[PDB]
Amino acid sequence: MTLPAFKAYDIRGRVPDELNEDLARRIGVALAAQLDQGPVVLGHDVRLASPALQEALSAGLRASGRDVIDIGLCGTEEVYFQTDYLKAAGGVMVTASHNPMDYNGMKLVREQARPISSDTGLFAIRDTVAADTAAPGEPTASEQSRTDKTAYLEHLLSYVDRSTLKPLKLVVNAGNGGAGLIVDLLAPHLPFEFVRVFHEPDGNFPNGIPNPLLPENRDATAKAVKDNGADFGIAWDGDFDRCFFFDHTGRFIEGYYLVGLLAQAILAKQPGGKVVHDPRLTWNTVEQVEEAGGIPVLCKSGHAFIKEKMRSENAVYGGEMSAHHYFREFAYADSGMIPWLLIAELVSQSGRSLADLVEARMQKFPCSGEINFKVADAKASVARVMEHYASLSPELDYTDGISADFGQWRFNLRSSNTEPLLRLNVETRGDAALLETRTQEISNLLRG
């Protein structure tokens, strides 16, 4: 067959049958063969098995003559940042994301933190690994421990004017992932009053695997915001490349609205810039970008597509509705830290609460959120939807699945390639009733 752990965009599998130290070592050998010259940055998340997987990567890389820069326990964005900042040949983050306790994985980048994906080197690595029966060589290169975060912290702080920040009270919820370490290193340089929830890194996850999208986990941040009168709350996934916002009422802010909000924050600092966004939910972003003087650039969803498009357009910022925010100055990479710093600055400077910054936008472009449908036949299910609506003559766009614009409402319907699974997003022009009736109509068709 093929090694199942090699996915479209990263490596992910059950330990030890899909991913283990031997495979990790072979991946390091294969990665050395795929990169231009230079050292390789390695970091890892809080999962208990992550360090051993990193050590195996390092052994394979060093056997292949690659100097290894061990940045230690970190966030995925720190591997991206250090790979670019240190002008490394590439980098690997060992991270299991929100997969089960017996899973782990790896995210791999080349120069400037450019993604390595299935069609840009990852399956080449897979095929090399799959055929590698060579004896493990011994190291011919060194490993250096580089735990200085100064340049990374200075870079994060460079997105805000610290003299304009107010002493907001912010709930922070690392979910026992790694975000608290960075929050605590930033805190001496900021005026905020932090309320720390599930703050200590703990790969045993006594409070659940970090995933702020699950209602039980969502509610822990909401409750802390409400009980403490916080201005807003921020939660992260375990490797903290995704952040999640809760307004002063405890309400979780759907990620769609953060794209337009962050674009308007960034466009104040880089006037006339291009902003890349995905096709699932669009109308609010296009309007907010244009109103702020930027140029919106439609792009297929998925971090590799977003990053490539930002590069080709010199786009200052790119944002996906699914809590991914990318910054040109950050090597075009995603950060779960930059967004909350920008939002805290916007609340501080504007005098407006996070709730009021988004309220009118959510009313003007209400959306369904992303709704997933396991179906027996994705192609037949999409066909049923498109047949049902054909007589309305929607404007169709095929940038990412099917987008259908009917005038006062639109949807995007995307099909998973890993399993028969359709993802639906609907939005309307200020009409909650139409949003629900159309969402339910499409849902009935997809389940047919």
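Counting begins at 1, following the sequence as shown. If you superpose the two forms and keep the largest set of C-alpha atoms that fall within 1.5 Å, you have the rigid core.
- Comparing the two stretches 19 to 27 and 420 to 428 by root mean square C-alpha distance in 8 other deposited structures of this protein, with all structures fitted on the core, the more displaced one is 420 to 428.
- Of 409 to 417 and 377 to 385, the stretch whose C-alpha atoms sit farther from the shown form in 8 other deposited structures of this protein, after fitting on the rigid core, is 409 to 417.
- As the entry records it, the average C-alpha temperature factor is higher for 144 to 152, out of 144 to 152 and 221 to 229.
- Two stretches are in play, 249 to 257 and 160 to 168, and the higher mean C-alpha B-factor belongs to 160 to 168.
- In the PDB entry, the Cα temperature factor peaks, among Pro139, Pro191, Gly180, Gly90, at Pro139.
- In this entry, the residue among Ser368, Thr83, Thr120, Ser348 with the greatest C-alpha B factor is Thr120.
- When the modelled residues of the chain are ordered by their C-alpha B factor, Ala30 lands in the middle third.
- Ranked by Cα temperature factor within the chain, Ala378 sits in the middle third according to the deposited record.
- For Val426, the recorded CA temperature factor ranks within the lowest third of the chain's modelled residues.
- Annotation for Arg414: CA B-factor lies in the middle third of the chain's modelled residues.
- The PDB entry assigns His98 a C-alpha temperature factor belonging to the highest third of its chain's modelled residues.
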